[PDB]
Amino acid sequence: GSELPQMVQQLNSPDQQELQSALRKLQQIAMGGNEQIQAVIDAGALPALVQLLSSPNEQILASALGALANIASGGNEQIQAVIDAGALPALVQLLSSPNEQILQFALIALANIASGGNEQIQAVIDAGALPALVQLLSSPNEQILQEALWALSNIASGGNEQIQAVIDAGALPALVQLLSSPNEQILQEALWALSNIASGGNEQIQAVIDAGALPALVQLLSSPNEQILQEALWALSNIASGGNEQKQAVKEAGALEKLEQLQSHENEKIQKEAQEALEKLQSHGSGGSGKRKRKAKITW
């Protein structure tokens, strides 16, 4: 209510303690759902938060990133408000920060923006985020790699043009190599990203096939880990939503026998997902692939 305007004014306070305190309060209010996010936006916070993305004060910067990430966990129009206030160029530049905490928070903010509609995703692409994000797939820092992967996965949850930008930026070879990761968190994210890419057109699905994903996906159908099994099933199921060449590549990789067997798994979600993938592979006709988006909040 009547304290938000003061909090917004304090984002320019010459008292650093008042400034920090207002920033933290806005960050926390924006954890409270879309009506609370709207009240923050309506109070005028966005221009000041964006401006603070240039601050050389790391405490300010980390809290500003948290506040913006939380705002961008709202509705597509709330995300669009962040984009319209100018946040993308500053966020993209922060992908080159040598400060791993700042980098992680920038990646989460960007990933949340890329969880909006196709226009919001396209704004992330147009700001030049893709080559940085693909380069971060090489990081030996698991925390950074994980947040980059979610940002890429979210971009690939757009339309065929957005998916094609992810392909054109060279993400597929790294994503396919990550299907061999012994790290289950990384593996899950690599599966989300590849499944979202395979939610596009037949030519996008074919690029996933051509990058070599099928042998690893078929091997994951033997996993005793029910979460990984469902993720591999989802990916195969999106691929099987293609045309005849795509369906035939899945058959040539040996999937049919395993999918048939997984119809007898005790877990009902696995049963159902295996049955659905099998029906698509044996059907004439196409479509029925699923896209998924991830939103995350930054709170301390």
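For every residue, the number given is its place in the sequence shown, counted from 1.
Participant: Looking at the deposited entry, does 278-286 or 20-28 carry the larger mean Cα B-factor?
Facilitator: It is 278-286 that shows the higher mean C-alpha B-factor.
Participant: On average, are the C-alpha B-factors higher in 262-270 or in 59-67?
Facilitator: The recorded data point to 262-270.
Participant: Going by the CA temperature factor in the entry, name the top one among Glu100, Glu142, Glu161, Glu189.
Facilitator: Highest CA B-factor of the listed options: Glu161.
Participant: Name the residue from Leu46, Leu52, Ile37, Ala253 with the greatest C-alpha temperature factor listed in the entry.
Facilitator: Highest C-alpha B-factor among the listed options: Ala253.
Participant: Quick check for you: using the entry's CA B-factors within this chain, is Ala216 in the lowest, middle or highest third?
Facilitator: Answer is middle: the recorded C-alpha B-factor places it there.
Participant: With respect to C-alpha B-factor, does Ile197 fall in the lowest, middle or highest third of the chain as deposited?
Facilitator: Answer is lowest: the recorded C-alpha B-factor places it there.
Participant: Pull the Cα B-factor of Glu203 out of the PDB entry and bin it into the chain's lowest, middle or highest third.
Facilitator: Answer is highest: the recorded C-alpha B-factor places it there.
Participant: With respect to C-alpha B-factor, does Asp210 fall in the lowest, middle or highest third of the chain as deposited?
Facilitator: For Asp210, the deposited C-alpha B-factor lands in the highest third.
Participant: Sorting the chain's CA B-factors, does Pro224 end up in the lowest, middle or highest third?
Facilitator: It belongs to the highest third of the chain when residues are ordered by C-alpha B-factor.
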